[PDB]
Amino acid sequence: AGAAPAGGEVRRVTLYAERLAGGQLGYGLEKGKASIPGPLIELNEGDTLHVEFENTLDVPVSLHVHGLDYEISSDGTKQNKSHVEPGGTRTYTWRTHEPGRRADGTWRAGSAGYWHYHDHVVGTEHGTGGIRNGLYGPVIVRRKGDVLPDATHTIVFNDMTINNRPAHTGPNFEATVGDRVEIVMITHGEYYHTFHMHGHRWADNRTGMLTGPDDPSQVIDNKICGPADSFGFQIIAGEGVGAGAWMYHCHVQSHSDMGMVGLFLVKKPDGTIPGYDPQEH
């Protein structure tokens, strides 16, 4: 368990929007390495990120982010002329801030949390065609002293798919018992969902962990979520429950029946998962 540092760096990254195989659309850090979800962008509170965005598609595309600070010119919307023409580039600037006491004595909430970025202009002026086809990704903004995980996995319920995968194709993720595993969970599209994990639970607060015995946050294993909700958490793999093929699914019953399921495959230290037979899943 590492700790996030205080932020304040100016960082740059290149991002591209590209057609994938099978007619999907994705963001990536380098040409031909686009993915759904898009790449995970990580920052510490006070960091600034300059996203040099290139649009390789034949229609306008944009980049809009939740949670973080930006000026209207990096809104990523047609309304504010912040979309990128076919073949074009544009640098979007995202800023983040620490919490702190205002002059009026109130508390400014910081930028930290589990956030996301997505297209705002493909298909419609709300990015509906862009989101449908894969133009979304995760952003984590860490607070000084936050617990850092061994692994981070992103699970996007996009309409009736997980990460735009075909029905009943996961994804699955692997850990060893004792691993500190971070989930980022984002929802998109038209439908509400409930995200559930067998054998694991978390706090419904920013970090998904109680800060201590005086934290009143709720502890849950089932979370309602709708389009553009983003939350996250860290769990200790197999804590109190051990190894196995631990299902996660949307708990709306027809949704689980129609493919919104995957596996958190928690292994013993020797690499084994007793009983696990993929033919039975």
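When you see a residue number, it is the position in the sequence shown, counting from 1.
When the mean C-alpha temperature factors of 30-38 and 252-260 are read from the deposited coordinates, 30-38 comes out higher. Comparing the deposited coordinates for 262-270 and 6-14, the stretch with the larger average C-alpha B-factor is 6-14. Going by the entry's values, 103 shows the largest Cα B-factor out of 183, 122, 103, 197. Between the residues 59, 224, 220, 65, it is 59 that shows the highest Cα B-factor in the PDB record. Annotation for residue 94: CA B-factor lies in the middle third of the chain's modelled residues. Ranked against the other modelled residues of its chain, the C-alpha B-factor of residue 88 as given in the entry falls in the highest third.
Placement of the Cα temperature factor of residue 234 within the chain: middle third of the modelled residues, per the deposited record. The entry lists a Cα temperature factor for residue 139 that places it in the middle third of the chain's modelled residues.
For residue 112, the recorded CA B-factor ranks within the middle third of the chain. Only modelled residues enter the ranking.
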